[PDB]
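Have a look at the structure below, then the notes.
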Amino acid sequence: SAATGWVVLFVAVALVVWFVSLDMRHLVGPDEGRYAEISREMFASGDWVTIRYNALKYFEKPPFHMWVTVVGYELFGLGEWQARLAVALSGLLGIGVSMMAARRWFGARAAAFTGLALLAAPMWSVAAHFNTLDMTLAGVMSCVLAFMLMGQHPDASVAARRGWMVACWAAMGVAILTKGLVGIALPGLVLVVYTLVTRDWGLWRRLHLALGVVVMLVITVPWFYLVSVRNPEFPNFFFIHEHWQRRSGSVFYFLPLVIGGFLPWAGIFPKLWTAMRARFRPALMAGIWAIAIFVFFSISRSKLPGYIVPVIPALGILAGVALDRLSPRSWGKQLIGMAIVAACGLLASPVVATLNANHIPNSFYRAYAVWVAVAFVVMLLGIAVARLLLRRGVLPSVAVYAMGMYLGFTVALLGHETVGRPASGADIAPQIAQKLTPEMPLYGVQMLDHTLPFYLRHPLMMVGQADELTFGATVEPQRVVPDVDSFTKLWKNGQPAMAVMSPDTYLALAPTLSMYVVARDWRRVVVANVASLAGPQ
Ligand SMILES: C[N+](C)(C)CCOP(=O)(O)O
Ligand SMILES: [Cl-]
Ligand SMILES: [Cl-]
Ligand SMILES: [Zn+2]
């Protein structure tokens, strides 16, 4: 316990950056806003069974992420960092259990390398600070893998093996309550593939199959029964609905995602392979985890980046052992390569200053470019001081390097606030809230705004195409305007209300109905049907 004062320092500096950075960006739609708002509505209603999005049934996802977010709301009230609490705790959880399994099978030093690996991995840290279900599922599934590895260690008693096995099945249950059957399909897949490569059938006896299935059913079934009974249309939807938004992604879709999301360790990607090929083989289990899940999502029709996040913890374990075998000169090689590519990021950072996308003007991206450049600069600093610390050992150099990378990608994420804040609509929320009341409708005229209703603490009344709310709009049609043509009669003859639409929608409806503009930004026009709810015009 000589240099423990460094570790305590390191982790401390990590944790404060881990949580403070949560509350420094406005919510980025659709995901962050969608789950923050669903959780808000659950929090305000108390109905933890029937998930609703803008007062409409939302049966596209299971509720565990929302349960966690709602507990967070009850403890610390509504806000940005509270809405991102589930994913941050999921990230810490993946780090923790990952280096627990690493410490069990490969020792303390390798476990430290695993924690550093997951910390520096931009996919794990970014995804850990971005409110989406993929990081929650990644943390609970990392509990599946880690608990499975803990339970298969020979030096554990039958009581410990059963404890880690029921812990594994329980984690699979939570995962099913997080994003559906994936939480059990991917493990089983990774399981059978394993038993085909190693030809160890007796492993199916160590799983505690009966007890684990029973405890998993006890965890998952109650909510599914409740929501299926209260809403008979739920099971056919959740298990049959082919969801799609506005697919067609190549089989190489997740290749730049996995490479970029594990970038500070890309140079040792071969040394990860030579980590698994070289009774129970844990590194091989992690490798079959990452590879099997990767090829599973790579051959799937629907592809989203977050799908691939659950492979990162396993990679972390592999990284932990690979870095554990490196001499000082080899890590020097890695530092040289990463210094090169980070310097290329610094030279290429002005590229984003020439961007304008998602109806966000170029200026915000000019302000993003300086933050990206700063990010690669702090990466370079961390690399330099790591090279200075290489004389004291590989582990301190890797620790400083990983800290530099983590702070770097953290700066790169916080810099996204430049383009995320004008899109969130939080700026024009106070202007709207001055005249908008909770009993007033806020029509969404063919626009599913994912962030503004959260900031208004006020749900949208969907008008016309409800997008992913279509299903909800059809099973409870008394809560929704079916088409814009009915919205015109509601608008000219109904109660005083407001409406959110796109600018092109405003110009399309302008010759039809006169509307007084309450607020505008680059992505939305907010109007009222009475002149007294807006500024002079
Ligand atoms: C996306 N969805 C929830 C509508 C269908 C997916 O369900 P499942 O793959 O968990 O069975
Ligand atoms: Cl509220
Ligand atoms: Cl701004
Ligand atoms: Zn859908």
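Each chain in the structure tokens gets a letter, A, B and so on, in the order shown; residues start at 1 in every chain, and ligands are counted from 1 in the order they appear.
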Let me have all residues with an atom within 8 Å of ligand 4, counting only C-alpha atoms and all ligand atoms, laid out as a CSV table (one decimal) with N, CA and C atoms, in the first residue's frame.
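Output file result.csv is given in full below:
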```csv
chain,number,residue,atom,x,y,z
A,60,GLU,N,-42.4,-0.4,-27.3
A,60,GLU,CA,-41.2,-0.8,-28.1
A,60,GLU,C,-40.0,-1.2,-27.2
A,241,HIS,N,-44.0,-7.0,-33.5
A,241,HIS,CA,-43.8,-5.7,-34.2
A,241,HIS,C,-42.4,-5.6,-34.8
A,242,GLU,N,-42.3,-5.5,-36.1
A,242,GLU,CA,-41.1,-5.2,-36.8
A,242,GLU,C,-41.0,-3.7,-36.8
A,243,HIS,N,-40.1,-3.1,-36.0
A,243,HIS,CA,-39.9,-1.7,-35.9
A,243,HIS,C,-38.9,-1.2,-36.9
A,244,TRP,N,-39.2,0.0,-37.4
A,244,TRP,CA,-38.3,0.6,-38.4
A,244,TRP,C,-38.5,2.1,-38.4
A,245,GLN,N,-37.4,2.9,-38.6
A,245,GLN,CA,-37.5,4.3,-38.6
A,245,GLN,C,-36.8,4.8,-39.8
A,468,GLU,N,-43.1,6.7,-34.2
A,468,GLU,CA,-43.1,5.5,-33.4
A,468,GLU,C,-44.2,5.5,-32.4
A,469,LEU,N,-45.0,6.6,-32.3
A,469,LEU,CA,-46.2,6.7,-31.5
A,469,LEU,C,-47.4,6.3,-32.2
A,471,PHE,N,-48.7,3.4,-33.1
A,471,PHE,CA,-49.5,2.4,-32.5
A,471,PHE,C,-50.2,3.0,-31.3
```
Output as CSV one row per residue of chain A within 10 Å of ligand 2: the closest atom pair and its distance in Å to one decimal place, counting only C-alpha atoms and all ligand atoms, sorted by chain and residue number ascending.
```
residue,atom,partner,partner_atom_place_in_ligand_line,distance
A:37,CA,ligand 2,1 (Cl),8.9
A:39,CA,ligand 2,1 (Cl),9.4
A:40,CA,ligand 2,1 (Cl),5.6
A:41,CA,ligand 2,1 (Cl),6.7
A:42,CA,ligand 2,1 (Cl),9.0
A:43,CA,ligand 2,1 (Cl),6.9
A:44,CA,ligand 2,1 (Cl),5.3
A:45,CA,ligand 2,1 (Cl),8.9
A:73,CA,ligand 2,1 (Cl),9.2
A:77,CA,ligand 2,1 (Cl),8.8
A:78,CA,ligand 2,1 (Cl),7.2
A:454,CA,ligand 2,1 (Cl),8.5
A:455,CA,ligand 2,1 (Cl),9.7
A:456,CA,ligand 2,1 (Cl),9.2
A:457,CA,ligand 2,1 (Cl),5.5
A:458,CA,ligand 2,1 (Cl),8.0
```
Closest contacts (chain A/ligand 1, max 8 Å, only C-alpha atoms and all ligand atoms) as a Markdown table:
```
| residue | atom | partner | partner_atom_place_in_ligand_line | distance |
| --- | --- | --- | --- | --- |
| A:59 | CA | ligand 1 | 3 (C) | 6.8 |
| A:60 | CA | ligand 1 | 3 (C) | 4.2 |
| A:61 | CA | ligand 1 | 3 (C) | 5.4 |
| A:62 | CA | ligand 1 | 3 (C) | 7.8 |
| A:176 | CA | ligand 1 | 10 (O) | 7.7 |
| A:179 | CA | ligand 1 | 10 (O) | 6.4 |
| A:180 | CA | ligand 1 | 10 (O) | 3.6 |
| A:181 | CA | ligand 1 | 10 (O) | 4.2 |
| A:182 | CA | ligand 1 | 10 (O) | 6.0 |
| A:237 | CA | ligand 1 | 4 (C) | 6.2 |
| A:238 | CA | ligand 1 | 3 (C) | 4.4 |
| A:239 | CA | ligand 1 | 11 (O) | 4.4 |
| A:240 | CA | ligand 1 | 5 (C) | 6.0 |
| A:241 | CA | ligand 1 | 4 (C) | 4.5 |
| A:242 | CA | ligand 1 | 4 (C) | 5.8 |
| A:243 | CA | ligand 1 | 4 (C) | 5.4 |
```
Counting only C-alpha atoms and all ligand atoms, the option among A:412, A:497, A:510, A:360 closest to ligand 3: A:360
Test item: residues lying within 9 Å of ligand 3 with only C-alpha atoms and all ligand atoms, as a list in words: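 The residues within 9 Å of ligand 3, counting only C-alpha atoms and all ligand atoms, are residues 364, 417, 418, 419, 420, 421, 422, 423 and 427 of chain A.
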Residue set, stretch 193-393 of chain A restricted to alpha helix (DSSP H), as a PyMOL selection string: chain A and resi 193-197+203-206+209-230+234-240+255-261+269-276+282-298+311-324+328-348+362-389
Distance query residue A:88 at most 8 Å, only C-alpha atoms, self and fewer than 4 positions along chain excluded, as a PDB file with C-alpha atoms, in the first residue's frame:
```pdb
ATOM      1  CA  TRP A  18     -17.577  10.774 -14.423  1.00  0.00           C
ATOM      2  CA  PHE A  19     -20.543  12.473 -12.736  1.00  0.00           C
ATOM      3  CA  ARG A  84     -28.362  10.009 -17.525  1.00  0.00           C
ATOM      4  CA  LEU A  92     -19.320   1.955 -13.530  1.00  0.00           C
ATOM      5  CA  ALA A 128     -21.855   5.512 -20.405  1.00  0.00           C
ATOM      6  CA  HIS A 129     -22.592   9.267 -20.493  1.00  0.00           C
TER       7      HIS A 129
END
```
